[PDB]
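Single-structure report; data block below.
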Amino acid sequence: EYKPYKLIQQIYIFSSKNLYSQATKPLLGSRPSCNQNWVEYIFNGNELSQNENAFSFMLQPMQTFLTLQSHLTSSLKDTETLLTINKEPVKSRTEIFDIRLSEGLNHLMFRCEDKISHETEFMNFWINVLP
Amino acid sequence: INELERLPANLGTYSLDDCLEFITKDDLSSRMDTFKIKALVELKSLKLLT
Amino acid sequence: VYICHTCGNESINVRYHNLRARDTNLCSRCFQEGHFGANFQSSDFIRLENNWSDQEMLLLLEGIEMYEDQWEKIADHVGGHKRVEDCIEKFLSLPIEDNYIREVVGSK
Amino acid sequence: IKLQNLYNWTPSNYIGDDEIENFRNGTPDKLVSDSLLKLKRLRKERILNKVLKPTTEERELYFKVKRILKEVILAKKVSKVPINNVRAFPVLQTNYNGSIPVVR
Amino acid sequence: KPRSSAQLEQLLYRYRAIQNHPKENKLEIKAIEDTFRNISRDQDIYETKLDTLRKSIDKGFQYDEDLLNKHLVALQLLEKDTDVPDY
Amino acid sequence: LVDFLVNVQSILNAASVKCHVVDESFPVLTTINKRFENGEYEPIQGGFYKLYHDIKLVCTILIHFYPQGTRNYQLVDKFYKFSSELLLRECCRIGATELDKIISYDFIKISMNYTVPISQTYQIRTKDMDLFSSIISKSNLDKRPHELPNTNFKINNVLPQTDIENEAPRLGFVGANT
Amino acid sequence: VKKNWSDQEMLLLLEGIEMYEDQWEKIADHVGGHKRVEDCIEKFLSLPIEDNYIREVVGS
Ligand SMILES: [Zn+2]
């Protein structure tokens with residue numbers, strides 16, 4: 001069972017630039033953050049294969065916002081793209097997103113389907129936010 | 001009590017006898033928590049003085 | 001035999017006693033995998049032998065901390081392979097203040 | 001003037017004259033024993049009228065004792081220096097933080 | 001003057017960050033320069049004295065065992081801030 | 001030099017008493033010990049690489065039987081994990097995103113890099129709960145495809161912790177008599 | 001030559017002391033990258049001493 005994705009190319013689940021901008025740059029002379037820790041989970045879609053389309057990782061309680069920058073380029077057509085954090089979809093802003101997690105264990109289902117020809121490609125995540 | 005209640009709670013011990021058990025990077029070495037127990041004993045025994 | 005508190009299976013040869021819920025034991029497999037609750041971390045679990053030493057001394061001090069006026073369960077906290085009266089004398093004869101007292105202070 | 005007069009500098013780089021006259025006239029134990037006595041006496045005078053953060057004089061004497069025993073063992077003056085190490089030392093550990101969410 | 005091998009490191013981080021724009025605080029640049037010029041004096045004296053201590057060394061004496069232990073153990077005990085009983 | 005090959009043989013023949021990997025025959029078949037007593041390994045890089053190639057070949061051959069969970073499979077895997085990380089560390093000592101832009105714009109990056117084999121896990125949603133399983137013990141030298149014992153399991157890929165340094169309580173949070 | 005010790009260096013120091021008892025040149029070679037006798041014995045006088053040994057020495 002090995003089928004590299006032919007629709008999605010790369011996905012970057014990194015830290016939201018808005019959270020960072022309020023962590024390194026104080027607001028009205030506020031005190032800096034106790035520490036800083038950022039992470040960019042890159043997933044090369046060409047190397048990864050479906051039937052193994054589930055991933056899991058953990059974040060600190062400080063990281064409660066993240067922006068799934070999708071990079072879908074192997075389609076070159078008009079293609080449906082949607083993701084559903086906790087089975088509720090979020091709208092887009094290449095395609096930049098913006099996700100607000102919760103204090104538990106939440107999964108976000110990224111989905112892309114071409115309209116010309118019916119090829120569907122899923123990608124799921126599980127982001128344990130630690131209390 | 002002050003000097004003992006500020007030690008790292010993840011304190012472990014690397015001993016010169018773990019070579020003979022061939023600990024791998026993905027297993028648990030025996031006698032890993034040796035100074036941790038020896039520190040908890042000296043701490044709880046100082047709290048249990050009265 | 002101690003039972004793990006997460007998978008519900010018997011411990012094999014060693015247990016991992018956490019020190020914030022002092023009645024909770026976790027087997028070895030569920031400590032590498034980190035299958036324990038997300039409230040704790042893997043920095044308060046002590047490795048203990050299932051089957052006087054630092055382990056038994058720590059368990060004695062934990063039994064005395066958990067229960068003050070009951071000396072029967074103290075033996076059931078260290079497993080129990082000796083008389084109920086060895087722990088009383090072992091606790092009374094600990095030289096824990098002598099190290100700090102020495103620092104300060106005919107008929108022929 | 002500077003720059004490799006600072007990279008090697010440690011706060012234990014003062015010899016004065018005592019260690020020179022002694023190590024020249026021999027008998028360095030007459031200096032280590034005397035300084036260990038001036039450490040114990042200045043420590044009993046520290047536990048009494050309780051204060052912490054050992055004074056600078058005690059730190060300087062501890063440096064002097066360290067430098068003397070180090071030079072003695074270095075020049076091969078002790079036959080089979082005693083080995084009494086614990087054969088273990090403290091090390092930190094990583095955190096396999098919990099993998100199942102808390103329920104409240 | 002610094003009294004640790006780590007305080008001088010920050011005294012140099014400070015001089016490294018202040019010297020970028022001179023003529024703003026001259027009494028901090030001059031002070032740090034004076035401190036460095038006294039530390040290079042101490043370090044040079046110790047450098048030229050550590051050889052005189054290994055040249056004027058004496059060969060007629062050999063430090064004895066069962067007395068070095070009574071000094072190594074007593075030094076480790078006195079450095080851990082624990083008492084050493086009167087011998 | 002040659003003083004290291006005898007130490008490697010003394011470590012392998014001391015850690016293979018339960019794995020039984022140096023007494024296995026591979027292509028006329030010869031074992032690993034029958035390569036030490038008669039010089040075929042050399043202090044040069046070719047000898048070290050020949051030894052690592054032989055250890056990997058024997059572990060690979062042994063892994064393809066002792067099918068999946070038998071102790072004879074996990075012990076050989078733990079031996080390959082010990083031997084590879086041993087020979088490596090001794091041969092070494094002998095011989096754009098939206099956030100990355102602002103970070104590289106405002107910070108200097110002293111980076112490091114390493115590669116860790118990923119591990120997998122089975123996971124499902126029974127009727128109302130999303131729950132996983134234990135870490136599958138399949139080796140990293142096995143090339144047999146997954147069987148999916150239920151034809152409804154989903155293969156989660158757990159990412160190793162990338163934070164080498166972490167914080168911990170001060171042993172006052174572990175204690176505090178009750 | 002560095003002047004700050006680490007965990008793999010205190011480890012190799014302990015191993016060198018266990019194997020070689022007074023040959024400081026061989027201990028320093030085992031921890032190659034540090035001073036021969038100015039840093040391999042300074043970190044020896046500061047190493048702890050076993051508790052049983054201290055008890056038996058101070059007692060007798
Ligand atoms: Zn368990």
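Labels for the structure tokens follow display order: chains A, B, ..., residues from 1 in each chain, ligands from 1.
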**Request:** Check which residues fall inside 9 Å of ligand 1 when counting only C-alpha atoms and all ligand atoms, and print them as a list in words.
**Result:**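 Counting only C-alpha atoms and all ligand atoms, the residues within 9 Å of ligand 1 come out as residues 3, 4, 5, 6, 7, 8, 9, 10, 11, 25, 26, 27, 28, 29, 30, 31, 35 and 36 of chain C.
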Could those residues be written to a file, using C-alpha atoms, as a PDB file, in the first residue's frame?
```pdb
ATOM      1  CA  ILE C   3      -2.354  -3.248  38.643  1.00  0.00           C
ATOM      2  CA  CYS C   4      -1.557  -0.477  36.184  1.00  0.00           C
ATOM      3  CA  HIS C   5      -3.876   2.508  36.432  1.00  0.00           C
ATOM      4  CA  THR C   6      -4.210   3.181  32.689  1.00  0.00           C
ATOM      5  CA  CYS C   7      -4.289  -0.076  30.714  1.00  0.00           C
ATOM      6  CA  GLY C   8      -5.732  -2.132  33.567  1.00  0.00           C
ATOM      7  CA  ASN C   9      -3.164  -4.899  33.082  1.00  0.00           C
ATOM      8  CA  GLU C  10      -0.920  -6.412  35.736  1.00  0.00           C
ATOM      9  CA  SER C  11       2.586  -5.027  36.085  1.00  0.00           C
ATOM     10  CA  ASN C  25       0.673   2.883  39.677  1.00  0.00           C
ATOM     11  CA  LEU C  26       1.639   2.699  36.012  1.00  0.00           C
ATOM     12  CA  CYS C  27       3.377  -0.185  34.269  1.00  0.00           C
ATOM     13  CA  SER C  28       6.567   0.216  32.263  1.00  0.00           C
ATOM     14  CA  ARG C  29       5.002  -0.068  28.801  1.00  0.00           C
ATOM     15  CA  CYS C  30       2.633   2.823  29.554  1.00  0.00           C
ATOM     16  CA  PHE C  31       5.602   4.988  30.570  1.00  0.00           C
ATOM     17  CA  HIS C  35       0.000   6.524  27.876  1.00  0.00           C
ATOM     18  CA  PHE C  36      -0.715   8.185  31.236  1.00  0.00           C
TER      19      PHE C  36
END
```
**Item:** Long-range neighbours of residue 47 in chain G as a PyMOL selection string, 10 Å cut-off, only C-alpha atoms, 3 positions minimum in chain
**Value:** (chain D and resi 84-89) or (chain E and resi 76) or (chain G and resi 10+14+41-44+50)
**Prompt:** Using only C-alpha atoms, which residue out of F:54, F:68, F:86, F:38 lies closest to residue 22 in chain B?
**Reply:** F:86
Could you give me, as a tab-separated table, every chain D residue with an atom at most 10 Å from chain G, plus its closest atom pair and distance in Å to one decimal, counting only C-alpha atoms, rows ordered by chain then number?
```
residue	atom	partner	partner_atom	distance
D:7	CA	G:3	CA	9.5
D:8	CA	G:3	CA	8.4
D:66	CA	G:45	CA	7.7
D:67	CA	G:42	CA	8.6
D:69	CA	G:45	CA	8.3
D:70	CA	G:42	CA	6.5
D:71	CA	G:38	CA	8.9
D:73	CA	G:41	CA	8.1
D:74	CA	G:37	CA	6.4
D:75	CA	G:37	CA	9.5
D:76	CA	G:22	CA	9.3
D:78	CA	G:22	CA	9.9
D:79	CA	G:22	CA	8.9
D:80	CA	G:22	CA	6.3
D:81	CA	G:22	CA	6.8
D:82	CA	G:21	CA	8.4
D:83	CA	G:21	CA	7.1
D:84	CA	G:49	CA	5.3
D:85	CA	G:49	CA	4.8
D:86	CA	G:50	CA	4.7
D:87	CA	G:14	CA	6.8
D:88	CA	G:14	CA	8.2
D:89	CA	G:11	CA	8.3
D:90	CA	G:7	CA	9.2
D:91	CA	G:7	CA	7.5
D:92	CA	G:7	CA	9.6
```
Within 9 Å of chain C: each chain E residue with its shortest pair, only C-alpha atoms, as CSV:
```
residue,atom,partner,partner_atom,distance
E:82,CA,C:103,CA,7.9
E:83,CA,C:103,CA,6.1
E:84,CA,C:103,CA,8.8
E:85,CA,C:102,CA,8.4
```
Give me the residues of chain A that have any atom at most 6 Å from an atom of chain F; for each, the nearest atom pair and the distance in Å, rounded to one decimal. Use only C-alpha atoms, sort by chain and number, and format it as a Markdown table.
```
| residue | atom | partner | partner_atom | distance |
| --- | --- | --- | --- | --- |
| A:17 | CA | F:99 | CA | 5.5 |
| A:52 | CA | F:155 | CA | 5.1 |
| A:54 | CA | F:156 | CA | 4.4 |
| A:55 | CA | F:157 | CA | 4.7 |
| A:56 | CA | F:158 | CA | 5.0 |
| A:57 | CA | F:159 | CA | 5.8 |
```
**Request:** Please identify every residue of chain A that has at least one atom no more than 10 Å from any atom of chain C, counting only C-alpha atoms, and report them as JSON, numbers by chain.
**Result:** {"A": [104, 128, 129, 130, 131]}
Please write the residues from the selection above to a file, keeping N, CA, C and O atoms, as a PDB file, in the first residue's frame.
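Result went into selection.pdb, see below:
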```pdb
ATOM      1  N   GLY A 104      -8.353  20.594  24.457  1.00  0.00           N
ATOM      2  CA  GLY A 104      -8.314  19.145  24.486  1.00  0.00           C
ATOM      3  C   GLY A 104      -7.538  18.518  23.349  1.00  0.00           C
ATOM      4  O   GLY A 104      -6.457  18.986  22.987  1.00  0.00           O
ATOM      5  N   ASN A 128      -2.764  17.612  19.884  1.00  0.00           N
ATOM      6  CA  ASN A 128      -2.978  17.588  21.328  1.00  0.00           C
ATOM      7  C   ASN A 128      -2.462  18.881  21.939  1.00  0.00           C
ATOM      8  O   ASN A 128      -1.256  19.143  21.931  1.00  0.00           O
ATOM      9  N   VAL A 129      -3.365  19.695  22.461  1.00  0.00           N
ATOM     10  CA  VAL A 129      -2.992  20.886  23.210  1.00  0.00           C
ATOM     11  C   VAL A 129      -2.957  20.518  24.685  1.00  0.00           C
ATOM     12  O   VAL A 129      -3.933  19.986  25.224  1.00  0.00           O
ATOM     13  N   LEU A 130      -1.848  20.792  25.334  1.00  0.00           N
ATOM     14  CA  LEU A 130      -1.707  20.284  26.692  1.00  0.00           C
ATOM     15  C   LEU A 130      -2.218  21.310  27.693  1.00  0.00           C
ATOM     16  O   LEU A 130      -1.843  22.484  27.613  1.00  0.00           O
ATOM     17  N   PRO A 131      -3.075  20.907  28.641  1.00  0.00           N
ATOM     18  CA  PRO A 131      -3.637  21.780  29.675  1.00  0.00           C
ATOM     19  C   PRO A 131      -2.660  22.069  30.809  1.00  0.00           C
ATOM     20  O   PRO A 131      -1.875  21.210  31.204  1.00  0.00           O
TER      21      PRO A 131
END
```
**Message:** Measuring between only C-alpha atoms, which one of C:22, C:47, C:73, C:83 shows the shortest distance to chain B?
**Reply:**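 Checking each of C:22, C:47, C:73, C:83 against chain B, counting only C-alpha atoms, the winner is C:47.
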**Message:** Could you tell me which residues of chain D sit within 10 Å of chain F when counting only C-alpha atoms, and give me the result as a PyMOL selection string?
**Reply:** chain D and resi 92-97+100
**Prompt:** Which one of B:9, B:4, B:43, B:20 sits closest to chain C if you count only C-alpha atoms?
**Reply:** B:9
**Asked** Taking only C-alpha atoms into account, which of B:49, B:28, B:42, B:36 comes nearest residue 33 in chain C?
**Response** B:28
**Fill in**
Using only C-alpha atoms, the residue out of D:14, D:72, D:2, D:99 with shortest distance to residue 29 in chain D is D:72
**Request:** Kindly determine which residues of chain C lie within 12 Å of chain F, considering only C-alpha atoms, and give the answer as an NGL selection string.
**Result:** :C and (7 or 18-22 or 29-35 or 40-46 or 58 or 61-68)
Residues of chain D at most 7 Å from chain E: nearest atom pair and distance in Å, only C-alpha atoms, as a tab-separated table:
```
residue	atom	partner	partner_atom	distance
D:1	CA	E:40	CA	6.9
D:2	CA	E:40	CA	5.7
D:5	CA	E:40	CA	5.0
D:6	CA	E:40	CA	6.4
D:9	CA	E:43	CA	6.0
D:10	CA	E:5	CA	5.5
D:11	CA	E:4	CA	5.7
D:13	CA	E:46	CA	5.6
D:14	CA	E:46	CA	6.1
D:20	CA	E:53	CA	5.9
D:23	CA	E:57	CA	5.6
D:24	CA	E:56	CA	5.2
D:26	CA	E:58	CA	5.9
D:77	CA	E:62	CA	4.9
D:78	CA	E:63	CA	5.1
```
Output C-alpha atoms for every residue in that selection, as a PDB file, in the first residue's frame.
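Saved to again-v2.pdb:
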```
ATOM      1  CA  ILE D   1      46.721  44.641  26.504  1.00  0.00           C
ATOM      2  CA  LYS D   2      43.685  42.370  26.790  1.00  0.00           C
ATOM      3  CA  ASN D   5      44.141  37.933  29.095  1.00  0.00           C
ATOM      4  CA  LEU D   6      40.402  37.486  29.749  1.00  0.00           C
ATOM      5  CA  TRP D   9      40.809  34.192  33.472  1.00  0.00           C
ATOM      6  CA  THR D  10      39.226  32.401  36.433  1.00  0.00           C
ATOM      7  CA  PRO D  11      38.494  33.893  39.872  1.00  0.00           C
ATOM      8  CA  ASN D  13      44.156  32.993  39.766  1.00  0.00           C
ATOM      9  CA  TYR D  14      45.807  34.659  42.768  1.00  0.00           C
ATOM     10  CA  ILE D  20      55.418  30.251  46.777  1.00  0.00           C
ATOM     11  CA  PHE D  23      56.185  25.140  47.935  1.00  0.00           C
ATOM     12  CA  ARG D  24      59.807  26.318  47.835  1.00  0.00           C
ATOM     13  CA  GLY D  26      58.489  22.259  51.117  1.00  0.00           C
ATOM     14  CA  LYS D  77      54.102  13.970  44.634  1.00  0.00           C
ATOM     15  CA  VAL D  78      51.362  11.621  45.889  1.00  0.00           C
TER      16      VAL D  78
END
```
